[PDB]
Amino acid sequence: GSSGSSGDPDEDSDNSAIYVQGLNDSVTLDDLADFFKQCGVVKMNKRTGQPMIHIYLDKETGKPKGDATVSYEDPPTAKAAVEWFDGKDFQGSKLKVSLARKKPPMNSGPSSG
């Protein structure tokens, strides 16, 4: 109970990227760029004009295992996009979106072992 509102607390998850997991073996960048953009706008390079989306491909065959990452412009969009695509259905497969950089604080963090 202090006098005067000197700045209010809020989620400072600078992380504006999201980690997707559950993509098919036929998923393409453009396919993820046009979809991930559903929520907001996907950080598009100003020099290459390409989306900041990554699609890890199995070094065994070269196909997209299913995991990927989408870097959004601002955090406000990334955090909103996570719960947006989190649990979506791509080509019949379930997608799992989660802020790449996610970790619990220290205060009241651990409970037991």
# chains A, B, ... in the order shown; residues from 1 in each chain; ligands from 1
>>> select_by_dssp(residues="chain A", states="helix (DSSP H, G or I)", output="ChimeraX atom specification")
/A:29-36,75-85
>>> residues_around(residues="segment 101-103 of chain A", least_positions_apart="2", cutoff="7 Å", atoms="only C-alpha atoms", output="short mmCIF file (atom, residue, chain, number, x, y, z; two decimals) with N, CA and C atoms, in the first residue's frame")
data_model
loop_
_atom_site.label_atom_id
_atom_site.label_comp_id
_atom_site.auth_asym_id
_atom_site.auth_seq_id
_atom_site.Cartn_x
_atom_site.Cartn_y
_atom_site.Cartn_z
N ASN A 15 11.79 -12.61 -24.70
CA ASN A 15 11.69 -13.65 -25.72
C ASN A 15 10.48 -13.43 -26.62
N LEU A 99 7.21 -20.83 -25.72
CA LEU A 99 8.27 -19.82 -25.72
C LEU A 99 9.64 -20.48 -25.59
N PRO A 105 10.95 -18.70 -12.08
CA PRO A 105 11.75 -17.81 -11.24
C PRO A 105 12.33 -18.52 -10.03
#
>>> residues_around(residues="residue 97 of chain A", least_positions_apart="5", cutoff="9 Å", atoms="only C-alpha atoms", output="count of residues only")
14
>>> atom_distance(atom1="atom CA of residue 80 of chain A", atom2="atom CA of residue 100 of chain A")
13.5 Å
>>> residues_around(residues="segment 72-77 of chain A", least_positions_apart="5", cutoff="6 Å", atoms="only C-alpha atoms", output="list in words")
residues 14, 15, 16, 17, 42 and 43 of chain A
>>> atom_distance(atom1="atom CA of residue 30 of chain A", atom2="atom CA of residue 50 of chain A")
9.3 Å
>>> closest_residue(among="A:1, A:40, A:109, A:104", to="residue 13 of chain A", atoms="only C-alpha atoms")
A:104
>>> select_by_dssp(residues="chain A", states="strand (DSSP E or B)", output="list in words")
residues 17, 18, 19, 20, 21, 42, 44, 51, 53, 54, 57, 64, 67, 68, 69, 70, 71, 72, 89, 90, 93, 94, 96, 97 and 98 of chain A
>>> closest_residue(among="A:10, A:2, A:110, A:25", to="residue 65 of chain A", atoms="only C-alpha atoms")
A:25
>>> decode(residues="segment 37-64 of chain A", atoms="N, CA, C and O atoms", output="CSV table (one decimal), in the first residue's frame")
chain,number,residue,atom,x,y,z
A,37,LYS,N,1.6,-16.6,-39.0
A,37,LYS,CA,1.2,-15.2,-39.1
A,37,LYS,C,-0.2,-15.0,-38.8
A,37,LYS,O,-0.7,-13.8,-38.6
A,38,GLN,N,-1.0,-16.1,-38.6
A,38,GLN,CA,-2.4,-16.0,-38.3
A,38,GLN,C,-2.6,-15.1,-37.1
A,38,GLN,O,-3.4,-14.1,-37.1
A,39,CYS,N,-1.9,-15.4,-36.0
A,39,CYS,CA,-2.0,-14.6,-34.8
A,39,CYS,C,-1.6,-13.1,-35.0
A,39,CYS,O,-2.4,-12.2,-34.9
A,40,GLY,N,-0.3,-12.9,-35.4
A,40,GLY,CA,0.1,-11.5,-35.7
A,40,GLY,C,1.0,-11.4,-36.9
A,40,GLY,O,0.6,-11.9,-38.0
A,41,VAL,N,2.2,-10.9,-36.8
A,41,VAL,CA,3.1,-10.8,-37.9
A,41,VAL,C,4.5,-11.4,-37.5
A,41,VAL,O,5.1,-11.2,-36.5
A,42,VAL,N,4.9,-12.3,-38.4
A,42,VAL,CA,6.2,-13.0,-38.2
A,42,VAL,C,7.4,-12.1,-38.7
A,42,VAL,O,7.4,-11.6,-39.8
A,43,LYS,N,8.3,-11.9,-37.7
A,43,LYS,CA,9.5,-11.1,-38.0
A,43,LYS,C,10.1,-11.4,-39.4
A,43,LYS,O,10.7,-12.5,-39.5
A,44,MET,N,9.9,-10.6,-40.4
A,44,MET,CA,10.4,-10.8,-41.7
A,44,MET,C,11.7,-9.9,-41.9
A,44,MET,O,11.7,-8.7,-41.7
A,45,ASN,N,12.8,-10.6,-42.4
A,45,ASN,CA,14.0,-9.9,-42.6
A,45,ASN,C,13.8,-8.8,-43.6
A,45,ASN,O,13.0,-8.8,-44.5
A,46,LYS,N,14.6,-7.7,-43.4
A,46,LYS,CA,14.5,-6.5,-44.2
A,46,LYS,C,15.5,-6.6,-45.4
A,46,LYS,O,15.5,-5.8,-46.3
A,47,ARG,N,16.5,-7.5,-45.2
A,47,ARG,CA,17.5,-7.6,-46.2
A,47,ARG,C,17.3,-8.8,-47.1
A,47,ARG,O,17.4,-8.8,-48.3
A,48,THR,N,16.8,-9.9,-46.5
A,48,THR,CA,16.5,-11.2,-47.2
A,48,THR,C,15.0,-11.3,-47.5
A,48,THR,O,14.6,-12.0,-48.4
A,49,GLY,N,14.2,-10.5,-46.8
A,49,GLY,CA,12.8,-10.6,-47.0
A,49,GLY,C,12.2,-11.9,-46.6
A,49,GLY,O,11.1,-12.2,-47.0
A,50,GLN,N,12.9,-12.7,-45.9
A,50,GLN,CA,12.5,-14.0,-45.5
A,50,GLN,C,12.1,-14.0,-44.0
A,50,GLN,O,12.6,-13.3,-43.2
A,51,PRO,N,11.1,-14.9,-43.6
A,51,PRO,CA,10.7,-15.1,-42.3
A,51,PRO,C,11.7,-15.7,-41.3
A,51,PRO,O,12.5,-16.5,-41.8
A,52,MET,N,11.7,-15.3,-40.1
A,52,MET,CA,12.7,-15.7,-39.1
A,52,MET,C,12.2,-17.1,-38.5
A,52,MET,O,12.3,-17.4,-37.3
A,53,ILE,N,11.7,-18.0,-39.4
A,53,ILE,CA,11.3,-19.3,-39.0
A,53,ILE,C,12.3,-20.3,-39.3
A,53,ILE,O,13.0,-20.3,-40.4
A,54,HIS,N,12.5,-21.3,-38.4
A,54,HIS,CA,13.5,-22.3,-38.5
A,54,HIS,C,12.8,-23.7,-38.5
A,54,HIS,O,11.9,-23.9,-37.8
A,55,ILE,N,13.4,-24.6,-39.3
A,55,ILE,CA,12.8,-26.0,-39.4
A,55,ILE,C,13.9,-27.0,-39.4
A,55,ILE,O,14.5,-27.4,-40.4
A,56,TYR,N,14.2,-27.5,-38.2
A,56,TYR,CA,15.3,-28.5,-38.1
A,56,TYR,C,14.9,-29.8,-38.9
A,56,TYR,O,13.9,-30.4,-38.7
A,57,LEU,N,15.9,-30.2,-39.7
A,57,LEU,CA,15.7,-31.4,-40.6
A,57,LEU,C,16.6,-32.5,-40.1
A,57,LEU,O,17.8,-32.3,-39.9
A,58,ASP,N,16.0,-33.7,-40.0
A,58,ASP,CA,16.8,-34.9,-39.6
A,58,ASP,C,18.0,-35.1,-40.5
A,58,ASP,O,17.9,-35.2,-41.7
A,59,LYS,N,19.2,-35.1,-39.9
A,59,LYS,CA,20.4,-35.2,-40.6
A,59,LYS,C,20.5,-36.7,-41.1
A,59,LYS,O,21.5,-37.0,-41.8
A,60,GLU,N,19.6,-37.5,-40.8
A,60,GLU,CA,19.5,-38.9,-41.3
A,60,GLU,C,18.9,-39.0,-42.6
A,60,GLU,O,19.3,-39.8,-43.5
A,61,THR,N,17.8,-38.2,-42.9
A,61,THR,CA,17.1,-38.3,-44.1
A,61,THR,C,17.0,-36.9,-44.7
A,61,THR,O,17.0,-36.7,-46.0
A,62,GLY,N,16.9,-35.9,-43.9
A,62,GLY,CA,16.8,-34.5,-44.4
A,62,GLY,C,15.4,-33.9,-44.2
A,62,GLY,O,15.1,-32.8,-44.6
A,63,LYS,N,14.5,-34.8,-43.7
A,63,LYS,CA,13.1,-34.3,-43.6
A,63,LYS,C,12.9,-33.6,-42.3
A,63,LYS,O,13.6,-33.8,-41.3
A,64,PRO,N,11.9,-32.7,-42.2
A,64,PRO,CA,11.6,-31.9,-41.0
A,64,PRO,C,11.0,-32.8,-39.9
A,64,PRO,O,9.8,-33.0,-39.8
